[PDB]
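For reference, the structure discussed in these notes is given below.
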Amino acid sequence: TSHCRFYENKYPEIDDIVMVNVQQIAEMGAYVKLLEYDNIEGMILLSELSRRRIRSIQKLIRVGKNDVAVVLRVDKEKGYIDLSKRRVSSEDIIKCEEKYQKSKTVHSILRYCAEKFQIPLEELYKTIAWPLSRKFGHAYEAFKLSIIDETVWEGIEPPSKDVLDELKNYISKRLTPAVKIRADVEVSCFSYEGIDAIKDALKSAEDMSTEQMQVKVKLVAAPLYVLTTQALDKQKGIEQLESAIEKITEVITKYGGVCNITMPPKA
Amino acid sequence: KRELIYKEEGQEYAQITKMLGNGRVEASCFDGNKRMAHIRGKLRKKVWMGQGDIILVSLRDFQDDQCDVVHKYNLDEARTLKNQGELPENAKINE
Amino acid sequence: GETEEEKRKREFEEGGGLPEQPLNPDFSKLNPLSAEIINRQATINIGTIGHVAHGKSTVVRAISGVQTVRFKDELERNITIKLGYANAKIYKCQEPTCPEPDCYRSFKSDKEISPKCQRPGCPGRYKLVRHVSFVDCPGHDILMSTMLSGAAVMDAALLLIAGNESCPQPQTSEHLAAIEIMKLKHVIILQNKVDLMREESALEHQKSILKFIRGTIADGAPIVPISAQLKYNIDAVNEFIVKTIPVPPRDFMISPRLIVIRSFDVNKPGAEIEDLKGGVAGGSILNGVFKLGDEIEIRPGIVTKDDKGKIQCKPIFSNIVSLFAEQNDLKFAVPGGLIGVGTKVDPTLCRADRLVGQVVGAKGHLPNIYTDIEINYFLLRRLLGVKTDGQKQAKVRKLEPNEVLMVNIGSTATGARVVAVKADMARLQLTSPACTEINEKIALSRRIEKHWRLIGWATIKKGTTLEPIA
Amino acid sequence: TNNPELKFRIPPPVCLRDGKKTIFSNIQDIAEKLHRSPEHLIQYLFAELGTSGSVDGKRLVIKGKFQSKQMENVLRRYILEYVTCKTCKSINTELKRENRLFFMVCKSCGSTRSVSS
RNA sequence: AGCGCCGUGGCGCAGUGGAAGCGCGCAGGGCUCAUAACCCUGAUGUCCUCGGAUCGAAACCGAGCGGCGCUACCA
Ligand SMILES: Nc1nc2c(ncn2[C@@H]2O[C@H](COP(=O)(O)OP(=O)(O)CP(=O)(O)O)[C@@H](O)[C@H]2O)c(=O)[nH]1
Ligand SMILES: [Mg+2]
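Chains as they are written, first to last, in PDB author numbering: chain j, 3 to 179, 181 to 270; chain i, 23 to 117; chain k, 58 to 527; chain l, 144 to 149, 157 to 207, 209 to 249, 252 to 270.
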C-alpha cells in the first residue's frame, strides 16, 4: 500500500512550498492532489495559475503530471487547501523540485520494507524516518550517512530489528554510488634526473593506496600528471593527495628540478 | 476548362526566374537567355504571376533585350505542354 | 595461399634481414658506406625546399614511404613548425641486363639488405648503395628559423618548383640563397607539376628555370621532371642523388658534438608510471660518434634570470640511455644523421618547444656560451621573398644600432640587438644564450614587412664568454 | 599511355516546387554523377540551408519555398570544395576516413586533402 | 592516444532510476471579410550497442561503437 505523509503532520503549513499532481480542471481552476504532503486535495483558481496572461488553459496545466506549488491558506477542520503556482520565483522552483525529489526517493525504500513486512507505512515513517529527519534535516541524508556510518541508527526504536537488517540490505543495494577526487600536478623540472624521480614519486604515491581507497597517478601529459582516487568519506582523499604532493616535492627538491601544484584535490 | 494557347512566330514560352519590382519580371526564355519582361495590360492586376510558373511572352523585333508577358499557364497547360514538348525538356518545372 | 605478411617476412629473412650492430668494432676502419653503418643508419642528410602549398612531404613520402605526420589540429592542413623526417634506403640492381634508369629503387628503412628486383623479368637482387635521411622543411614566409636551422643540418638539397603557377616564386629563391649561405652547393631541381602541363608549357617553364639560375652560386644543378602524387620517376632521382652528391669529408677524428633541433618526450598516456622511458633530444650530429653509456651535457641548458635580471646558464648534464636512429636500437651513431638521443633528461624539459636549436657537448670538451658576439656580416642588394607589383625589389638597408634581428647561429634561435655597425663588422648582444664551438655558420634576418626576412650572412670571430655555473 | 582520355557532367538541376514544398527528385542522379554518397550531400544541404527534410523513394522533400538559383549555387560551391579536387582537376576523389576527422582522399592521383567544415 | 561529454520524434533540450517525453517544426480544423500572430487536435521513436545488479531500466555500472572539446602528436 502506497500512502502516508512525507513530512511531520498531515496538513500543509502556511506559506510553505509543495509539488502537486494535477488530475482535473472544472471551471474555476484545478483542485489537485499533493505529492509533497499526504494525499488530500487543494485548489488553484484561475487568478493564481499563470504568471503570463491566461492564454493556454490546458497547455500549461497538462492534466496528469506534476508541478511546483505554494500553499497560501489552510482550513484545519476539514482538509481544504488554498494553493497557487504563479507565486514561486525562478530561484525558488529549483529548491522546490529538489525537496520533492528527496521526499519521493525516501518514500520508495520504506514502501518496499512496509510491503515486505506488512507494516503500515505510517508506522515506519513514525519510527525511523521522522527522527532521522529531525536529527539530520532530511532522511535521505540520513540514509547516505547510514551507508557510511552505522551510528545514525543508534537512538531509533525500530518496530523490529529485521526491518533494520533488510533496510541495511536494500539501502546498500539501492543507494550505492565514493566520489572521485582528482588533481593535477605540474612538473616544471629542468633537471638531470627526472624520469627516475617520477618513478620513485609514483612508487611512494601508490604505496599509500589503502584497501578501501586506491591512489593512481595516471599519465596524460609530460608536465601535467593527473591524480585519481575514490574517496568514500570525501574527507580522506584530500589528505592522502596532499601526502602525495609532499612526497613529490620531497623527491624533486633534491634531484635538482622544480615541481608545482596546478589543481589541488577536489571532488 | 478554357483551352490552352500555342506559340506564334515571335511569341515564345518562358519561366519567371524571379519577379521584379514596380511591375516588371525577369523571364528565362526557353531559348538560352535571361530576358527582362514587362507585365502587360489585360494581365497586370487580374491574373497574378507567381515566381516559378511557365508563361508566354511576346518578343519585340526592335528590342531583343526586353519583352512583354502575354499569357500565363497555370501549371496545367504547362505540364501538358512539357508532355507535348513545346519547350526544352531539361528545365522541368512542376509542383 | 600464403598471407602477404608471411611472404614479406620470408622475403625479409631471404633479403639479408636487419643485422645487429657490433658492440665494439674497429672504428678508424669504419667508412660511412660500411655494412655495419649503412644497413641501419642514414649517413647523408637530404632536404626539400619550396614555396608553401605545393607538396614536399608528398614527394618525400613518395620517395621513401615514411610519413611526416603533420600534427597539431590546425597544423594538419595549413603549415607545420617542426621538420618532417623519413628514412630512405637507396637500392640499385646488380644485374647489368636491366636498364640503368630503373635500376635504382628507394625503400623504407625496415627493408632487408637485398630485396628482390620488382621489375618484371629481373631475378637479380638489390644492393644498398647508401642510406639517406630526409629533412622536410616547411616553406612558409612566417616560418624562417626552422628553415635556416635545417639548412644548417642539411648536406644536400632538392628544390621544388610548380609547373602551372608563376615561374619566379620568391620563396624558392630565398631557400636556394639560404642554402648557398650555409655552404651547400649540391642541389637537384624538380618540376613538381608536369602532368597538368603541355609539351611547350613545360619547355617554357624549364627555360624560365634556367633563366633564373644564372647569377646564383650553384650553376650546374641537374633538373628533374618528377611526379609527387603519380609516384613515377624516383629511380632516376635516386640515381641523381647517388651521382651528384658524394660524401662530405667526415671522419672520427673530430671532437664529439651534437646539435638538438627538435625535442621529444617519451610519455605514453594511459600506461602506468612504473614503466616509463627517458627524455629524447632529436639532434643532428655533424661531428662526433656517440655510443651507449656516454655522459653528455646541453651547454646553453637552463636559462634563468637572477633577481637583478642577469642571465644564468646551467648546463644540462645527461647520461645517454639510448641512441635511436633509423628503425632499430643501435650501439654507435654515425655523425651526419638525425638521431634521437634518449637520455635520462627530465621529460618535461622535452615537452614541445624546449630543446630546439641547442648545442650539446660530450664529456671531454667545454664549449663557451657568449653574451656578446661580434660578427663579420655581409648583405645582398635586394630582398628575397617579397613580391613587388611591377617595381624595384626591396633593397637591404644597413644595420641600425639597438635593433632586434633574428640571428640563427647554425641552429640556435636568438634575437640579437646591435651595439654598433662597422664596414664589415658588427656587435650583437643576445637575450637567449648561444654557444660557439668553432665558427658556426650564421644567417641574419630583420623585421620590415611584419615577419622576418633574410638579409645576408655572418660569422662569429670573437665574443664575450660566460663561464657556466656547475 | 595510361590516361589517353586526358567535369562537364553535372546534371541539369530539376527543382520541383510544390507551393510551400520543394522536391529534389534527381538527387540520386547528381549523387551518382559526382561520386558522393547522398547522405553527405543531404547533410551539406542542411548545413548550407537551415532546414530539415525527408528522403523517399532517391528523392528529397523539404517543405519550403526556395529557388533553383540557390540550389544551383550551393551545388556549384559543393562541387568546388567537395566534388572537385583543388590540387588537380579531377572527379575521381571520394569521401573516406583516416583519427576521427573526415578525410576525403583522391583516387586519380592519391592526394591527401580534407574538406569537412 | 588518454581525459570531459553526448548518443532524440524532423531539429533542439530533458530527467535518469515507476518505463514515451515539451518547444520549434508539419497536417488538420478553430478566430478573421481575408493573410499573418494566436487557439486547440494528430501521425511518426531501437533516448547508440552488448551485458550485469534490480519487483523495474532508456535510467546505476562495466566493454564495446560512433560524434565531439581539450591535453598533445607526446623517440
Ligand atoms: N597535382 C599535384 N598535387 C600535388 C603534388 N604534390 C603535392 N600535391 C598536393 O599539394 C598539396 C600540398 O601538400 P603538402 O605536402 O602538405 O605541402 P607542404 O610542403 O607540407 C606546405 P609548406 O610548403 O608550407 O611546408 C597536397 O594536397 C598535395 O597532395 C603534385 O605533384 N601534383
Ligand atoms: Mg612537413
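Beta carbons: idealized from backbone N, C-alpha and C, even for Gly.
Under the DSSP definition of a beta bridge, k/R510 partners with k/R503. Distance check between k/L406 and each of j/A247, j/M266 and j/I198 places j/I198 closest, using alpha-carbon atoms only. A Cβ-Cβ separation of about 7 Å places k/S375 in contact with k/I355 under the 8 Å criterion.
Within chain l, the residues placing a beta-carbon under 9 Å from that of i/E117 are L166, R167, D168, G169, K171 and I173, ordered along the chain. For the stretch 278-311 of chain k, residues whose beta-carbon sits nearer than 9 Å to a beta-carbon of chain l comprise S284, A285, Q286, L287 and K288. Ranked by how close their Cα comes to the Cα of k/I280, the residues k/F297, k/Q286 and k/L287 have k/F297 in first place. If you look at k/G336, you'll find it in the beta strand (DSSP E) that goes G336 to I342. Rounded to the nearest whole angstrom, the C-alpha separation of k/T60 and k/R67 is 11 Å.
Not a single C-beta of chain j is nearer than 7 Å to the C-beta of k/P372. Sequence-distant partners of k/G72 (beyond 5 residues in either direction) whose C-beta falls short of 8 Å from its own C-beta, in its chain, are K168, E169, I170, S171, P172, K173 and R182. Rounded to whole angstroms, the separation of the alpha carbons of k/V186 and k/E77 is 19 Å. Against chain i, the CB of l/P161 has no partner CB under 7 Å away; the residue lies outside that interface. Boundaries for k/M239: no alpha helix (DSSP H) harbours it, and the DSSP string shows neither H nor E there. Residues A36, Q37, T39 and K56 of the same chain have their beta carbon placed closer than 7 Å to that of i/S50, with the five preceding and five following residues left out of the count. Every residue whose beta carbon comes nearer than 6 Å to a heavy atom of ligand 2 appears here in chain order: k/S114, k/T125, k/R127, k/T137, k/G141, k/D193 and k/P195. Proximity of the stretch 377-388 of chain k to the stretch 164-172 of chain j falls short of the contact definition, fewer than three beta-carbon pairs being nearer than 8 Å. Distance between k/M482 and k/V461, taken at the CA atoms: about 17 Å.
Boundaries of the alpha helix (DSSP H) harbouring j/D199: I198 to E209, taken from the DSSP string. Here k/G399 carries a strand assignment [DSSP, helix/strand/coil].
Relative to the non-hydrogen atoms of ligand 1, the Cβ of i/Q85 never comes closer than 6 Å to any of them.
In this structure, k/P525 is the residue among k/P525, k/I512 and k/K479 with its C-alpha nearest to the C-alpha of k/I426.
In the structure shown, the three-state DSSP call for k/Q226 is coil. For k/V109, the Cβ falls inside the 6 Å cut-off from some heavy atom of ligand 1.
In this chain, the alpha helix (DSSP H) harbouring l/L226 covers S219 to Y229. The nearest non-hydrogen atom of ligand 1 is less than 6 Å from the C-beta of l/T238. Looking at the DSSP output, k/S489 bridges to nothing. Rounded to the nearest whole angstrom, the CA to CA distance from j/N263 to j/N23 is 55 Å. A distance below 8 Å between beta-carbons, with the five flanking residues on each side excluded, links j/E159 to the following residues of its chain, in chain order: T129. Counting the other CB atoms within 10 Å of its CB gives j/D69 a total of 16 or more, which places it among the buried residues. Between k/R510 and chain l, the shortest Cβ-Cβ separation is not below 7 Å. Between l/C262 and chain k, the shortest Cβ-Cβ separation is below 7 Å.
Following the DSSP letters along the chain, one finds k/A213 inside the beta strand (DSSP E) bounded by residues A213 to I218. Shown here for k/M204: same chain residues with a beta carbon closer than 6 Å to its own, the five before and five after excluded, namely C194 in chain order. Across the stretch 187-204 of chain j, CB contacts with chain k closer than 9 Å involve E189, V190, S191, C192, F193, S194, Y195, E196, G197, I198, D199, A200, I201, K202 and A204, in sequence order along the chain.
With its beta carbon less than 7 Å from one in chain k, j/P226 belongs to the interface.
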